């Protein structure tokens, strides 16, 4: 309802932004993820893989590799990275290498999912979301980006369906 009124603006094909203001825990359960540099892929794994464990992220990194070989050359955010495909893959696959919005875009296409990354301010509230894919918040795989450096998984609270 609040969640049904989100206003997404498609800024570039397949990528949308929204600036609602809410307390994350009013609408979502946070499913905390470990770091060791892998928390982006752990968060994806939590929401896409049945029986997820602390090893599941390796599967998501392989799908990211597959995705990159199809999509990396044409990803707008890849222009920021500025690496050849092969150098990009070498870095991405490195142990503890951070994931990002670039991998979210490629994974949304590879996995056939919508990924939303909600970013939180120092005041604790969500101030913006970036969405990769056309699905709504109820269909999407929702991630929480915090401390400018960490991803956790989110699940919508049951009373909002």
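Numbering follows the first chain given and starts at 1.
- Among the other PDB entries of this protein that were compared and that flank it with modelled residues, residue 123 is left unmodelled in a third or more.
- Here the stretch with the larger average CA B-factor, out of 116 to 124 and 96 to 104, is 116 to 124.
- In this entry, 3 to 11 shows the higher mean Cα temperature factor of the pair 3 to 11 and 150 to 158.
- Ranked by C-alpha B-factor against the other modelled residues of its chain, residue 58 falls in the middle third.
- Per the deposited record, the Cα B-factor of residue 33 falls in the middle third when ranked against the other modelled residues of its chain.
- Annotation for residue 51: C-alpha temperature factor in the highest third relative to the rest of the modelled chain, per the entry.
- Per the deposited record, the Cα B-factor of residue 70 falls in the highest third when ranked against the other modelled residues of its chain.
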